[PDB]
Structure formats: structure tokens, C-alpha cells
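I have placed the structure first, in the form of C-alpha cells, so that the comments after it can refer back to it.
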Amino acid sequence: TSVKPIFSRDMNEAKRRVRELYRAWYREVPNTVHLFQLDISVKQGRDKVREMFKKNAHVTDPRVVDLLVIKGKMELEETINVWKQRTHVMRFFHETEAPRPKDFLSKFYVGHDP
Amino acid sequence: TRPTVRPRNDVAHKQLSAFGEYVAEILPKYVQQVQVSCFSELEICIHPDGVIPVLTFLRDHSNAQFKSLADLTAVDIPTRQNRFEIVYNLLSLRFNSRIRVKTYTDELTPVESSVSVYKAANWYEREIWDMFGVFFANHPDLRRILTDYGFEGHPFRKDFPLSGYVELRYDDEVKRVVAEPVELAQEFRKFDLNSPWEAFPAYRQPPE
Amino acid sequence: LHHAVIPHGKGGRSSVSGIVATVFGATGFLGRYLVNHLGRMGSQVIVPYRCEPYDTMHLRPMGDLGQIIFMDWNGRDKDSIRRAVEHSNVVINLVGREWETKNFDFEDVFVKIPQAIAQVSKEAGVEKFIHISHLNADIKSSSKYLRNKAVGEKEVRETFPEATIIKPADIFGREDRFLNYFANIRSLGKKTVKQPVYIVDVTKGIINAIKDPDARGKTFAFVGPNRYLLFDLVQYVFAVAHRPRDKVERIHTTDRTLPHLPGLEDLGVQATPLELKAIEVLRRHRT
Amino acid sequence: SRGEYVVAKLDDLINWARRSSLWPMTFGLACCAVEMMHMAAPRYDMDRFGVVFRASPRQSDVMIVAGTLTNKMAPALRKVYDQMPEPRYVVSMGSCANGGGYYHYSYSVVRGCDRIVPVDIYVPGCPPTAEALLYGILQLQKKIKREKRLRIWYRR
Amino acid sequence: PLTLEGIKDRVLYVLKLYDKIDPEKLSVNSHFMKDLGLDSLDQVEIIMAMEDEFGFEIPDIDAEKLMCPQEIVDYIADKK
Amino acid sequence: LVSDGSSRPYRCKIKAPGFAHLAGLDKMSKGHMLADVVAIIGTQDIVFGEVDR
Amino acid sequence: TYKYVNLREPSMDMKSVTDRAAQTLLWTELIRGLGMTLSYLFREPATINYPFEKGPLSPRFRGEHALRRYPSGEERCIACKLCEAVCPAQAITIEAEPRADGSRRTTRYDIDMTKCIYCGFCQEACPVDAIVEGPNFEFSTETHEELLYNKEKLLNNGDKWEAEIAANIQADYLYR
Ligand SMILES: NC(=O)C1=CN([C@@H]2O[C@H](COP(=O)(O)OP(=O)(O)OC[C@H]3O[C@@H](n4cnc5c(N)ncnc54)[C@H](OP(=O)(O)O)[C@@H]3O)[C@@H](O)[C@H]2O)C=CC1
Ligand code: SF4
Ligand code: SF4
Ligand code: SF4
């Protein structure tokens, strides 16, 4: 079984590149929220960024981690330019409900969603 | 058999057969299939390591010039472990012939980014990266072109369905356009047209 | 009840939701946001207008294909109103110009309009009728506005008694009146304590109360989260906006809470503060 | 009632003044733009109706949304729609634009331009023939003939 | 005016200025990662926060090797 | 064309001359000005539908 | 075979070079262009007065989506679903039932005017020529509700005229 990985040797370089990518996203947020004339506090945006990071913490396969790093770098480039507009940046957020909780009885009233 | 059925030339078939046998003999390191169809268009099926050496051979050598570069696509075939098929298409300015360099590849391991010898392959490789996710190491710029920026999913796969997962609408709540999970107005009905009864007896695969 | 009034599946974009709402008004501010949130819910809205169809045209594509429907009404005849409320699940009453006209006073819109529509409604058999009112509209002085609204409050309370009489405080938003007058200044300085409530929590409360039964009969009042001085709020407006008689009396008149009637907490909706949405809406200053 | 008489006559004059020229902007994404340029052709005129084809968005009376609206297109389309004077009218031309059309079941495509801007005049077709589009602009003019704005303002 | 103790005091009040740390609880052997219940996410937050505070860029491997308040102070005392 | 033994094509793809002509725009317009760039967009025939594939 | 261009030189003879200098300093072929454009000015322009003169067409235009019916007879459609099987945007919607008589018929025959690309495949696919692409192209509809045809709208639209449709088919039932 021969598999050629992207960048990784163990998850140490994975941790290193993802913490540098998070540093880049931290210094990416205030410039963009000032540039696009947005309407959201910096605390909420940074907490949703780190929540999106903490969503996919369950991955140990290093090639998948490399491909996540490359995707995040792509969208950090495309938001550090002015290539993406106000619509996509708000589309990362969810301010328009979408109210659906995970209760059993709530899904039993508005039914057929098991 | 002669009226309204297109006749062929066995001469071009013999020429392409001898030429493909020649190329298969003189680059043994990566040749796996050299197949010739009925209407004489050559196909060469290649391991994903000899991309740069085989294309540097096939651009030159004064026996197969083939300067003209065309399509690149990686036809999404499941029931395989190497799913995607990178299809180079080459046309000879000097000899008027078409060869299809089909190299095989999997989901995550890169083939070696043919833009080094083919200046037409740049946006082709960027398109394949955007629509599939076939990574291209040693490439100048990989971006998303022919998709939306905030959209992801690599949609020309078979795992991506017909309708997108997201769907835009304007709303006056936040005074802008937002994306929502898809709410179709109709079904996109699915006609089970795959009729039985074996319309081609020659292409029967051996069953188990 | 018949089918195609029961809810169906998820929400949004012609998913058949519960209520069929006849709305009076909806060309103004709060009714437009209310039609917006019912279109997000996916509810059929029957709205009559009286004006040019261009206004209902630029608020037309809020719904999905053919969900909301447009017709005509007038402030004189019961026939057109009754034809508009022939078949309705719920009905809401929102109307009122904040200055007297040639043909209408503060009297007889707030008085005469809920009389005829409540007459044809109670003869029609509608349910969950929601009537808006301004907060602290009394029999007391200083406003033909507030006293005619108090007369209309007594009318809607007396005839058809199980109406949700609802009242917010003076709401602010994208097309506010009093924050616009704060922008359209010059000046004068007085004192009044005041709580502002943002518009989307109000209309979320209205749609939740109209879609949630057993919460009927009780009048409701919406509360601003800050409740401080008007002049400090004017200083806040000029600070965030970078630059240094009926409406001004009706904002200096009265702003209090009432411990009698229940508000936000019996509905379960988060309150958005003044500061966040005010920073969101205070655009259009110098650069 | 000469007050009402002056109101009706002045409303007729101002609305005829509106519907007289009506210079549009040609937004024109796909091949419906080619058919609009073919009703710009010397056979089917636009000079006769005071209709001047003009790329200026700042002075656009009506706007002919034609072509195929996409998700990448839509915020830029409504930004074009915003910097526009408030007396404005919309002609949705093309099966693609007035309800999704041949690309209705797809991704990246808004299901018709109803979900972005309001639509006064739908004109279907693929392409809507230049003759038929010119008929649609005539029925737009008759909609302008029935608007009663000054009547509503006087008896308001 | 650039000693070890002034740098430690300014590191001390910016550790006070960070929000999620509860309480500060400074020590030369603190190890705020596991003894105080913090994440490596919060580790790289604090590291590039010090970078945002008072100077040099602090690259990735040296950002990994700290994990500790006084070791940060000594690494700055090495680098500055 | 890529065809399964079928009445449905498995994968079609289109080589577009508009896409191929738009591909070299930097090297065609490295040394000119913006009206000349509009003339460059003109002098290679464009439809912007076929460039999409 | 090839016939290429731009292979010459500016002639070094005195007459040709002073003619190029005369065009340079005397603005000649610009005025020649003015003369050609004034020659098109003095033509009569080819316009049509639109509401009175309608532009010419063919007997095989594809317009209205009308229906036909039998001579003093019932509805021509059988609901054999060929048009919905071929409809390349699936705008046809057929739900069929038989009536109390016994001949098979419909319940719901809907054309979406939004999705209709106007191919002609439902005309060519109809075995009894029930649906016919109509002659007139004036829809111009102010509301999006009104652009979704019902079967009764199609029957009224096929009973507002057949004589046009019958004349076009009776002229050109021999090509197709
Ligand atoms: N801070 C605030 O503004 C608060 C307001 N309210 C109440 O909320 C309601 C809505 O407020 P708002 O949107 O700002 O004001 P609007 O004037 O815009 O809303 C009233 C609506 O009814 C219509 N209407 C009013 N009078 C007549 C009439 N005589 N004949 C026909 N139609 C009439 C209006 O115009 P059109 O005819 O063109 O449709 C509009 O559609 C009002 O009743 C107000 O008292 C309550 C609490 C706080
Ligand atoms: S409706 Fe037809 S002509 Fe118009 S943009 Fe769509 S495909 Fe082109
Ligand atoms: S093909 Fe003709 S007969 Fe058959 S269902 Fe369609 S319209 Fe009716
Ligand atoms: S012409 Fe219209 S109804 Fe007929 S097959 Fe084509 S899209 Fe369907």
C-alpha cells in the first residue's frame, strides 16, 4: 500500500500549519469587517471562526488535514482580496433563520423529519 | 451494408496500430494500454508517474510532433479505487492525427501538473481543480474558476447531486442576498429508461 | 378545519404552513416586515391596498410563486372589506397616519376603521385577530392620536373580546420615524426617560404569537432593554453618527412600563439591544 | 369639480410624459441580449417609441432583465438595481429569466428573476421574438397609462 | 527601560486583559494549558496575541515550544 | 463524448475557442491601455456563453 | 488552398508616395466615408410601423401552445404522456383519468410558460396533433401567476381559433 501524502509526515506539521492558518485568520478578520462595512461585532465573528475550526477537530488522517489547510488558505486569499462580496461573507454567517432545533417533540409537531 | 453505413479505411488502422506498437516498445516504463478503436483514433493508457516524461516525448522527437493540446477531463468512474481519469487530448500539426493520453488517478494523489510543458493546460488544470479536486503539485496558481467563490462541493462529481445544496434569495431582513438549503418547486423526475434485452451482443462482459 | 391549512413538512418558500393571514395595511413599515417573516414561514398573505400598485409591486416578490395576493379595500364600505375577509384564518389590523389629512382625522380611522372590520369579522367568523396599538394611549391629554387610539382600544376590547390587543414601544429600525427625525434635525433639549425596542424582535413576537395558540385574550406590551434618558440617547445618536410638533410632543409625552400585562418573557424570543442594531443602522453619515 | 378636472388632466399629461420616451438600460446576459439587439435592428425600430438604448444605469426608466440569472450574478444585479431612480419598471424577458426556464432544475441559478427584483412585464419565449418583445413594451406603456398616482394623491 | 521585570509586568497585564482566562493565577511554573484548562487553539491565540502586543513575529515552531507563561517571558528575553 | 452502453451519455465536454482565446489575455495585453483592452476583447470573437462550459 | 493578405510595400515611386502624403495631410478617405454614409442617408429607410404593420413570418412559427379538437367532436388529446416524456424542461404535467364513458382522458394538463424553451418536440411527438405550437406571440403578462396555463385555458385558447392552426397545418402537413 503506497500512498503519497501532500505535506504531512506526522500530525506535528499538521498542527503547525493549522495554528499558523488560524493566526492568519485572526489577523484577517478585523481588516475585512472594517473593509466590507459589515454589521457584526469582532468578538462574534472570531467566535464563529473558531467554532468552524472546532467543528472538524475529529479528523486524524493527515491527508485530510492537509486538504483542509489548503481549502482554508484558498478562502483566506479570496477574502483578503476584494474578490468575494458582502453576500458571501454574510453567507458564512447565519443571521436568517434556519430555526430548526434537535428536540424530538419539536420535530414531532412539524413532522416527517426523523 | 454499403449504403447509409459509414465505410472505413483499414490502412489508417494499420498505421495507428504500428505507431502505437512502436510507442509502446520505445517507452516501456509507463505503457499499460495502447488501444485502437474501429475508426482509427489512438488511445494510450498511462500510469500517473510518466506524465512529464511521456508528454516531453510526445511534444517532440520528429516522429510524433503533436503540438496541439486539447481536453483534460478526468471522467468520474466509481467501482474503482483509482476513480478519476485525466484525459489529455493531442493533435498533430504535421501529421493530422488524434491521440488520447488517458492517465489514471485516484482522489488524493496528484499527477504531476502538465503546465510545465503545455502552456494551454493552465486554466484546464485550474478548471479540473475547481470541478473535481484533483490536486496539482508544482503549479503556479490554483483557484476556483467556473464556480462561485463561497460555493464548495466540487460539483461535477457524481456525489454532488443535480441541484445544489444552496440556493440564493434576496431578503430585506438583512438587506442582502443569502443562501438557504434548497427548496425545489418541482421534483426533477427520474425516468427509468435503462431497458433490458442486450442491444449489443459484442460488448458483453463475462458475468459471475 | 379543511386540508391545505394544516402545516406540511419544513418551512420556507411555499412549504404549506398553517395560517392564512388577511393583513390590513402592510404597505408601511411593520406590516411589510411582518409579511416578510410570514413569507419566511411560508404563509399565504391576503393584503388589500388602496394606493398605486407600484408600492405593492416593490413589496411584491417577498413571497414565493403566487403565495401572497393583492386586492383592494377602502375606508368606507363594508362590501369590499367583507370580500377581503371572506375566507381568512387570521387577520391583523395595522393602520394610521401620524398627521391629520383632508379626509381623515386622528379620529375615525382609529375609531371608525376597527368598528366596520370587527363587525364584518365577527359576522364572518375569523380567529386570532391581532390589533396593534401605540403604547400608553390613554384617555388623558396631549394627543388626539393617543386618545383616539384609546377609544379604538376600548372598541376592540369590547366588541370581539378575544382579540390580541398588542402594543410595542416606539420602535426603531431601518426606516424609523424618530431616529430619522434625530437625523433630520435643525435645536432643543428636554428630559424624558425612554426605552427603545428594535423592530425585528417585535415582529418575531407577533408572528410567534399568531402561530402559537392558547396565548389569546391577553393584551401584550413590548419592552425596550435599556430604558434611559432621551437626551442621552440623542447624544448617543450624534456620537455614533459622527456629526455634532406632534411627533416631538408624542415622544416627550409618556414612556413607562405597566406591571399588569405580560410581555416578551411569555413568548421566548431574544431581545436585541439598542446599541448593536443602532451601530448596524447608523450608516449614511460623512464617509 | 374643476379641482378633480385639473387633477385628471395633469395626471394624464405627466403619465403620458412618462410613457412617451422610456429609455431603458439593456442588462442582457445571454442570447436574449442578442434578440434585444435585434429589436435594436433597423427593421423593428426603437426610435419611433422614443426608446433609446443606453448603457447608463443612473438614468434608467425601465430595465429589461434578459439572459440567465445566476447566484454569482444576483448581488451585482441588485446593486445595479439600487443605484436607479425610484420611478422604475422591470421587463423580465426570456424563459430563463421569468421562472428559471430550461435551467430551472440546476444549481447556481436563481429560479427566475422574481426572487431578486419585482417584475412588471413578463415576456416569455426562447428567444422571445423581437416582434413579441416590442408588443410587451406596448403593453408596458398601457400599464403606464393606468397608474392613477395623482388621483390617489388628491383624494388621499 | 527594557528589563525582564517590565516585560513580565506587561505580559502580566495583557494576560489580565485576555478574557477567557479565569483567573489570571500567574506562576513561573503555571502551565496554563492543562493545569488551567485551556486549548492549543487558545495557546496560539495567546502567542500571536503577544506578537500583536509588543514586537517580533514569533514563528510556528517557537509558537509550539512555549506552552507556559514564564517560558514565553524567557523566550522574549532571548529574542528581544 | 464519453458513452456507457446506454441511451444516456456518461460525460460530455466541450472544447471552447472562446475559453481558449480568453486564456491568454495577460500576454496579449501586457503593454497597452484599457480602451485597447476593450479592443482586444472585441478582436477575439466573444459570446461569454460558450466560454462557460 | 490559401489566399492571404497584407503582403505589399509602400511604393517608392513619387506619385504613390505623394498620394499617401495627400491623404495624410488632406483628409480624403474620411470624406469618402462621409460620402458613402450620405448615400445611405438619401435612401429610404426600411422600417415597419409596428402596431399597424406586423413583421413577416413562416407558416411554421412556434408560439401560443394551443390545442385542437375533432370535427364537431371531443378533445383531441388522449393523455398518452409523450409530450411530457420528451419535454426538455419538463414543463408539461399530465395527470390522467378516464371519465364515465370509457375512453381514456386526463385530469390535469399543465404547461409551464417559464420552463417552455419552445422546441417543437411536443408538436413532433404528438401522435394525434393534439398540442400545436400556436401562431401568435403576445403574452406580455403583468403577473407571474397568469403564466401557468391550465388545460381549460388551453381549450379556450384552442377555441378562440382553429382556422389559423388548421390553415397552417393543411398547408404544411406534407413536410413534417
Ligand atoms: N414607533 C412607531 O412608529 C410605532 C407605531 N405603531 C403603530 O404601528 C402602525 C404602523 O406604523 P407605520 O408603518 O410607521 O405607519 P404607516 O402610516 O406607514 O402605516 C399605516 C398603513 O395603513 C395605511 N393607511 C393609513 N391611513 C390610511 C387611510 N386613511 N386610508 C388608507 N390607508 C391608510 C398606510 O398607507 P397606505 O394607504 O399607502 O397603505 C400604511 O400602509 C401605526 O398604526 C402606528 O400607530 C405602534 C407602536 C410604535
Ligand atoms: S430564454 Fe433562450 S434565448 Fe433567452 S437567455 Fe435563455 S436560452 Fe437564451
Ligand atoms: S403527445 Fe399529444 S395526445 Fe399524447 S399526451 Fe401529449 S398532447 Fe396528449
Ligand atoms: S415546446 Fe415547450 S412544452 Fe413543448 S416540449 Fe418544448 S419546452 Fe416542453
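Chain lettering (A, B, ...) mirrors the order of the C-alpha cells, residue numbering begins at 1 for each chain separately, and ligand numbering begins at 1 in order of display.
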Step by step, measure atom-to-atom distances between ligand 4 and each residue using only C-alpha atoms and all ligand atoms, keep those at most 10 Å, then write them as a ChimeraX atom specification.
-> /D:95,101-102,125-126 /G:62-65,82-93,110-126,131-133
Identify, counting only C-alpha atoms and all ligand atoms, the protein, DNA and RNA residues located within 10 Å of ligand 2, and give them as a ChimeraX atom specification.
-> /D:28-36,66-69,93-98,100-103,124-129 /F:49 /G:114-118
Given 7 Å and only C-alpha atoms and all ligand atoms, residues near ligand 1 as a PyMOL selection string = chain C and resi 25-31+49-51+74-75+94-98+104+109+132-135+167-172+176-177
Counting only C-alpha atoms, which residues of chain C come no farther than 6 Å from chain D, as a ChimeraX atom specification?
-> /C:52,58,61
Residues of chain D no more than 9 Å from chain B, counting only C-alpha atoms: send them over as an MDAnalysis selection string.
-> chainID D and resid 70:72 74:75 78 105:111 115:117
Surrounding residues of range 47-50 of chain A excluding itself and chain neighbours under 2 positions, 10 Å, only C-alpha atoms, as a PyMOL selection string | (chain A and resi 22+25-26+29+42-45+52-55+92-93) or (chain E and resi 41-42)
What is the CA of residue 23 in chain B-CA of residue 66 in chain B distance in Å, reported with one decimal?
->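 About the pair CA of residue 23 in chain B and CA of residue 66 in chain B: they are 13.6 Å apart.
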Selected residue, from F:31, F:42, F:24, F:18, that lies nearest to chain B when counting only C-alpha atoms = F:24
Given a cut-off of 9 Å, which residues of chain F touch chain B, counting only C-alpha atoms, written out as a ChimeraX atom specification?
-> /F:2,5-8,10-11,13-15,19-20,23-24,52-53
Which distance in Å separates CA of residue 47 in chain C and CA of residue 70 in chain C, to one decimal?
->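 Going from CA of residue 47 in chain C over to CA of residue 70 in chain C, I get 5.3 Å.
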Considering only C-alpha atoms, return as number ranges by chain whatever protein or nucleic-acid residues lie within 8 Å of residue 207 in chain C, sequence-local ones (same chain, fewer than 3 positions apart) excluded.
-> C: 34, 37-38, 203-204, 210-211
What residues in chain E lie within 7 Å of chain A, counting only C-alpha atoms, written as a PyMOL selection string?
-> chain E and resi 44+48+60-61
Next, the residues of the selection above should be written as a PDB file, in the first residue's frame with N, CA and C atoms.
```pdb
ATOM      1  N   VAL E  44      -2.273  29.222  20.742  1.00  0.00           N
ATOM      2  CA  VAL E  44      -1.804  30.012  19.606  1.00  0.00           C
ATOM      3  C   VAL E  44      -2.464  31.393  19.606  1.00  0.00           C
ATOM      4  N   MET E  48       0.186  34.547  19.384  1.00  0.00           N
ATOM      5  CA  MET E  48       0.129  35.648  18.434  1.00  0.00           C
ATOM      6  C   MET E  48      -0.509  36.898  19.033  1.00  0.00           C
ATOM      7  N   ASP E  60       6.166  29.521  13.824  1.00  0.00           N
ATOM      8  CA  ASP E  60       5.253  28.441  14.198  1.00  0.00           C
ATOM      9  C   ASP E  60       5.858  27.461  15.201  1.00  0.00           C
ATOM     10  N   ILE E  61       7.108  27.040  14.992  1.00  0.00           N
ATOM     11  CA  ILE E  61       7.683  26.028  15.871  1.00  0.00           C
ATOM     12  C   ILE E  61       7.994  26.626  17.240  1.00  0.00           C
TER      13      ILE E  61
END
```
Taking only C-alpha atoms into account, report as a PyMOL selection string which residues of chain G lie within 12 Å of chain C.
-> chain G and resi 114+142-148
Would you save the residues from that selection as a tab-separated table (two decimals), in the first residue's frame, using C-alpha atoms?
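Below you can see out_19.tsv, which holds the result:
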```
chain	number	residue	atom	x	y	z
G	114	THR	CA	-41.50	29.79	-17.71
G	142	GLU	CA	-48.18	41.56	-15.84
G	143	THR	CA	-48.34	38.79	-13.21
G	144	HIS	CA	-46.36	35.60	-12.72
G	145	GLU	CA	-49.46	33.70	-11.59
G	146	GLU	CA	-51.04	34.13	-15.01
G	147	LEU	CA	-48.12	32.49	-16.87
G	148	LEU	CA	-49.04	28.94	-15.80
```
Excluding residue 56 in chain E and residues on its chain fewer than 3 positions from it, collect all residues at most 10 Å away from it, counting only C-alpha atoms, and give them as a PDB file with C-alpha atoms, in the first residue's frame.
```pdb
ATOM      1  CA  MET E  48       0.129  35.648  18.434  1.00  0.00           C
ATOM      2  CA  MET E  50       1.802  38.682  22.464  1.00  0.00           C
ATOM      3  CA  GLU E  51       3.070  39.110  18.903  1.00  0.00           C
ATOM      4  CA  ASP E  52       0.298  41.676  18.405  1.00  0.00           C
ATOM      5  CA  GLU E  53       1.286  43.328  21.688  1.00  0.00           C
ATOM      6  CA  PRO E  59       7.023  31.776  14.031  1.00  0.00           C
ATOM      7  CA  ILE E  76      11.143  37.037  24.578  1.00  0.00           C
ATOM      8  CA  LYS E  79      14.723  37.117  21.286  1.00  0.00           C
ATOM      9  CA  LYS E  80      14.224  40.813  22.102  1.00  0.00           C
TER      10      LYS E  80
END
```
Quick one: which residues from chain B are at most 8 Å off chain C, using only C-alpha atoms, as number ranges by chain?
-> B: 171-173, 183
Looking only at the backbone, which of the residues in range 5-93 of chain C does DSSP tag as strand (DSSP E), as a PyMOL selection string?
-> chain C and resi 20-24+44-49+69-72+90-93
Any chance you could export the current selection's C-alpha atoms as a PDB file, in the first residue's frame?
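What landed in result_6.pdb:
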```
ATOM      1  CA  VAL C  20     -53.708  32.327   6.104  1.00  0.00           C
ATOM      2  CA  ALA C  21     -53.368  35.961   7.102  1.00  0.00           C
ATOM      3  CA  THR C  22     -55.520  38.859   5.968  1.00  0.00           C
ATOM      4  CA  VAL C  23     -53.438  41.948   6.662  1.00  0.00           C
ATOM      5  CA  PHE C  24     -54.758  45.487   6.725  1.00  0.00           C
ATOM      6  CA  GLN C  44     -50.300  32.877   2.413  1.00  0.00           C
ATOM      7  CA  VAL C  45     -50.949  36.583   2.934  1.00  0.00           C
ATOM      8  CA  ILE C  46     -54.050  38.269   1.547  1.00  0.00           C
ATOM      9  CA  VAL C  47     -53.377  42.002   1.544  1.00  0.00           C
ATOM     10  CA  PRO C  48     -55.607  44.718   0.111  1.00  0.00           C
ATOM     11  CA  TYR C  49     -54.100  48.065  -0.770  1.00  0.00           C
ATOM     12  CA  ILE C  69     -52.328  38.007  -3.136  1.00  0.00           C
ATOM     13  CA  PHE C  70     -53.272  41.638  -3.699  1.00  0.00           C
ATOM     14  CA  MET C  71     -56.718  43.200  -3.727  1.00  0.00           C
ATOM     15  CA  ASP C  72     -58.488  46.470  -2.964  1.00  0.00           C
ATOM     16  CA  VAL C  90     -56.194  35.098  10.962  1.00  0.00           C
ATOM     17  CA  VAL C  91     -56.468  38.845  10.468  1.00  0.00           C
ATOM     18  CA  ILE C  92     -54.309  41.727  11.670  1.00  0.00           C
ATOM     19  CA  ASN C  93     -55.196  45.412  11.919  1.00  0.00           C
TER      20      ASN C  93
END
```
Find the residues around residue 100 in chain B up to 7 Å (only C-alpha atoms counted), leave out those fewer than 2 positions away in its own chain, and share them as a ChimeraX atom specification.
-> /B:42-44,87-90,98,102
Please determine the contact residues of chain A with respect to chain D at a cut-off of 9 Å, counting only C-alpha atoms, and supply them as an MDAnalysis selection string.
-> chainID A and resid 85:87
Writing out the chosen residues with N, CA, C and O atoms as a compact mmCIF listing (two decimals), in the first residue's frame:
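As a result, selection_38.txt now contains:
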```
# COMPACT_ATOMS: atom_id res chain seq x y z
N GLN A 85 -17.73 39.26 -2.25
CA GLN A 85 -18.51 40.45 -1.93
C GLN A 85 -19.09 40.34 -0.52
O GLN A 85 -18.69 39.49 0.28
N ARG A 86 -20.03 41.23 -0.21
CA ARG A 86 -20.72 41.22 1.07
C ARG A 86 -21.59 39.98 1.24
O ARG A 86 -21.75 39.47 2.36
N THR A 87 -22.13 39.47 0.13
CA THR A 87 -23.09 38.38 0.16
C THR A 87 -22.47 37.08 0.66
O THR A 87 -23.04 36.41 1.52
```
